[PDB]
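Peer 1: Protein chains in written order, with the deposited numbering: chain III, 1 to 64; chain LLL, 0 to 34; chain HHH, 1 to 70, 73 to 259.
From the three backbone atoms N, C-alpha and C, an ideal C-beta is built for every residue, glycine too.
Okay, handing you the structure first.
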Amino acid sequence: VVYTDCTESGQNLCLXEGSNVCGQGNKXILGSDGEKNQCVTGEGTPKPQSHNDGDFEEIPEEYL
Amino acid sequence: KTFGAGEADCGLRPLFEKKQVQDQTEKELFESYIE
Amino acid sequence: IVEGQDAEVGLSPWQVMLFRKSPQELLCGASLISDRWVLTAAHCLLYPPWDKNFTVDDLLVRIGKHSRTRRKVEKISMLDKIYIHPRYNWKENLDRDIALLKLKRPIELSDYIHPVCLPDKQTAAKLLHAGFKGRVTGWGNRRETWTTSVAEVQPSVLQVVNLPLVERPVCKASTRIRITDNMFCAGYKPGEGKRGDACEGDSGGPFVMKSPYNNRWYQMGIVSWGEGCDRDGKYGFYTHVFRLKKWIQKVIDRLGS
Ligand SMILES: *[C@@H]1O[C@H](CO)[C@@H](O[C@@H]2O[C@H](CO)[C@@H](O)[C@H](O)[C@H]2NC(C)=O)[C@H](O)[C@H]1NC(C)=O
Ligand code: NA
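Okay, structure coming up:
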């Protein structure tokens, strides 16, 4: 699992303050321009998994 | 055999160790042990 | 892998790719430890924050693979059973992040398909010292972020990077996450001259070290978690395989298994 920057306020399991994860039991309030992000106590939503790499040739049918 | 075949020869690569050939960077690893 | 390079053919014949069956996409790395057992991270199979809890029917593995077509050499296998460590703690930042996958059928070995060794007490004593370098391999992203699309950072060939073990106090001071004895970290320090890290898609894959004593490769770590990829003053974290060897042996040696 790589934690990457939080992209919406209210996310967690993402980098919020600097290169630090905002863990479960907390949520990220994303700063607008000139504001710092803050990782605060509260219920957050994990930042979703990024698109998996599906750019390989299709494997044949035997392997259902 | 619930492990199956492979333990006795584990870790020796057919295209490297088995042919006494070194890969392009393994020297860096041994240098870190010595130097 | 960030700051890596293209692996030679046959460099890492224990490398395994774990794939979702439908849609077909890469999930994680893994490694071959015998003709019928694959080792990976628990979080590649079970991760409740993403509602992830795979069954054998959901997955395939690919072994022997070097590059994306742009033949007779890779093996695609189904899985018979999944085993996750009984004390894997996904709330406790992935403590004991280890899983074993049993292949549906034993596979033939080849120039491109061959198991890695697991360490014993002596191997761990000899090789696990700060500053000694090991090697991470994988099919994951070449950078943490991209401008336009993720395809920007996807490699055409298996990537490899060599990285030094880092002293435990340095690992612990680099993050606010609680580090346990079942984890270790590796990577260069800022201004050490070189860089490199695992990244998304490399999770589950092996950190290996070559023993000078017997010329064999041992898997010391499993790529487990990172705060970003290749950030200065951050390090990647790895499951400590030797520390969890008693569980691996238990599973493998079970009569049913
Ligand atoms: C993940 O899913 C598995 C089911 O695939 C859950 O495991 C147990 O699985 C068996 C077999 O399906 C079921 O009988 C029960 O649901 C569980 N075992 C028993 C008999 O107690 C597992 O709980 C799931 N884990 C999470 C955290 O979602
Ligand atoms: Na770093």
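(1) What is the rounded straight-line gap between the Cα of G4 (chain HHH) and the Cα of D8 (chain LLL)?
(2) For a test of the three-state rule: what should DSSP assign to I78 (chain HHH), helix, strand or coil?
(3) To the nearest angstrom, how far is it from the Cα of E76 (chain HHH) to the Cα of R180 (chain HHH)?
(4) Look up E146 (chain HHH) in the DSSP assignment and say whether it is helix, strand or coil.
(5) Taking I33 (chain LLL) as part of the alpha helix (DSSP H), name the residues at either end of that continuous run.
(6) I believe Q161 (chain HHH) touches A41 (chain HHH) by the beta-carbon criterion, under 8 Å. Please report the beta-carbon distance rounded to the nearest angstrom.
(7) Give me the DSSP bridge partner(s) of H87 (chain HHH).
(8) Give me the chain HHH residues within the contact set of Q21 (chain LLL), using Cβ-Cβ distance strictly less than 7 Å, ordered along the chain.
(9) Which value, in whole angstroms, describes the spacing of the CA atoms of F54 (chain HHH) and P48 (chain HHH)?
(10) I'd like to confirm the pairing. Which residues does DSSP put opposite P208 (chain HHH) in its beta bridges?
(11) Would you grab the beta carbon distance between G29 (chain HHH) and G207 (chain HHH) for me? Rounded to a whole angstrom, and I think it's under 8 Å.
(12) Beta-carbon separation of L102 (chain HHH) and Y220 (chain HHH) under 8 Å?
(13) Give the DSSP-derived three-state secondary structure of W219 (chain HHH) in the structure shown.
(14) Using 7 Å as the cut-off, classify the Cβ of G223 (chain HHH) as near or not near the heavy atoms of ligand 2, replying yes or no.
(15) Return the first residue and the last residue of the beta strand (DSSP E) that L39 (chain HHH) is part of.
(16) My output table needs one value for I29 (chain III): the three-state DSSP class, helix, strand or coil.
(17) Taking the DSSP output, what are the residues bridged to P46 (chain III)?
(18) In the DSSP assignment, find the unbroken beta strand (DSSP E) run with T125 (chain HHH) in it and report its ends.
(19) Is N37 (chain III) close to ligand 1? I mean its beta-carbon at under 7 Å from any heavy atom of the ligand.
(20) Under the criterion of a Cβ to heavy atom distance below 7 Å, does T55 (chain HHH) qualify as lining ligand 1?
(21) Can you tell me the Cα-Cα spacing of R256 (chain HHH) and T1 (chain LLL), whole angstroms?
(22) Can you list the residues of chain LLL that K135 (chain HHH) reaches, using a CB-CB cut of under 7 Å?
Peer 2: Taking the geometry as given:
(1) 28 Å
(2) strand
(3) 39 Å
(4) coil
(5) 25–33
(6) About 18 Å; that fails the 8 Å criterion.
(7) Partner(s): none; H87 (chain HHH) has no beta bridge.
(8) The premise fails here: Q21 (chain LLL) is roughly 10 Å from chain HHH at the closest Cβ pair, so nothing lies under 7 Å.
(9) 11 Å
(10) HHH:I224
(11) 2 Å
(12) no
(13) strand
(14) no
(15) 37–40
(16) strand
(17) III:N12
(18) No beta strand (DSSP E) holds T125 (chain HHH); the alpha helix (DSSP H) holding it covers 123–129.
(19) no
(20) yes
(21) 7 Å
(22) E27, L28, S31
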